[PDB]
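Engineer: A structural model of the following input is requested.
(one chain, ligands or ions: 1)
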Amino acid sequence: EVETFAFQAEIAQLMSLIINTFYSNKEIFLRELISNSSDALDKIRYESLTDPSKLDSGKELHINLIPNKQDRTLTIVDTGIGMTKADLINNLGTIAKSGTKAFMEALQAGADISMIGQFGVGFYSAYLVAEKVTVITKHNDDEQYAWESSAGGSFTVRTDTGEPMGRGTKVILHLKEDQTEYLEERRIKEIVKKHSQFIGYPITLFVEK
Ligand SMILES: NC(=O)c1cccc2ccc[o+]c12
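Structural biologist: Numbers count the residues shown, from 1 in each chain. Below is the structure:
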């Protein structure tokens, strides 16, 4: 059972700007997604201090980067707090509306797309390199869900029957045909070292078979 939703107009406008604007410094997408993972890991870690049972779904707090040239996907996996169905459908986009407006005004005043994370809407920078983004997520208080969008104004949400995750979030980037450099080990290593060197969780870059 697949539900289809419309993005808020302001978020659809943000995604169109990210897709259409000429901007060569695309590599910052990875910093933004790793930052989001780090925030999600901080959240479950903090909550576990007053309720240790929140880690019954997995004690390890980490980030994995998994390239797959056969599928042309780059997957960012974390074992953070995860997202509820309400987060996916409504809560995150509601918060993003104000950050989007501020980001838009900053761009008109001379900011550039690399500053997107300072406005809290860094997730959407995934569309600098991905034609489709799939998010698999599991929060302790909800079921495992798959969110997906190829932009164009709509996204889908369905219950996920795949491999159970325990807890956390998997962001699967279906890369554009000309963005396959982000599947190369040396390129990902370079980007992580440049932009994400002090993240406080182990980042494992998987090797292709
Ligand atoms: N906005 C976000 O920070 C975000 C992060 C991860 C997955 C998502 C899925 C749908 C909407 O937002 C998100």
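Engineer: Identify the residues contacting the closest residue to the ligand within the chain.
Structural biologist: In the chain, the residue that lies nearest the ligand is residue 123 (3.4 Å; CB to the nearest ligand atom). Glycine gets a C-beta too; all of them are placed from N, C-alpha and C. By CB atoms under 8 Å, 6 or more residues apart in numbering, the contact list for residue 123 reads 32, 33, 36, 92.
Engineer: what do you get for residue 192?
Structural biologist: Contacts of residue 192 (CB under 8 Å, 6+ apart): 30, 34, 65, 203, 205.
Engineer: Kindly recompute the last result at 10 Å.
Structural biologist: 30, 31, 34, 63, 65, 199, 203, 205 (CB atoms under 10 Å, 6 or more residues apart in numbering).
Engineer: Neighbours of the nearest residue to residue 69 once chain neighbours are set aside, how many?
Structural biologist: Counting by CB to CB, 6 or more residues apart in numbering, residue 69 lies nearest to residue 183, which is 5.2 Å off, once chain neighbours are set aside. For residue 183, the count of nearby residues is 19 (other CB atoms under 10 Å).
Engineer: Residue 176 is in contact with residue 183, correct?
Structural biologist: No - the pair residue 183 / residue 176 is not scored as a contact, 11.7 Å apart, by CB atoms under 10 Å.
Engineer: Mind listing the shared neighbours of these two?
Structural biologist: Applying CB under 10 Å, 6+ apart, one finds that residue 183 and residue 176 are jointly contacted by residue 72.
Engineer: any idea how far residue 140 is from residue 63?
Structural biologist: 19 Å (CB to CB, to the nearest Å).
Engineer: Comparing those two, which residue is more hemmed in?
Structural biologist: residue 63 (24 against 18).
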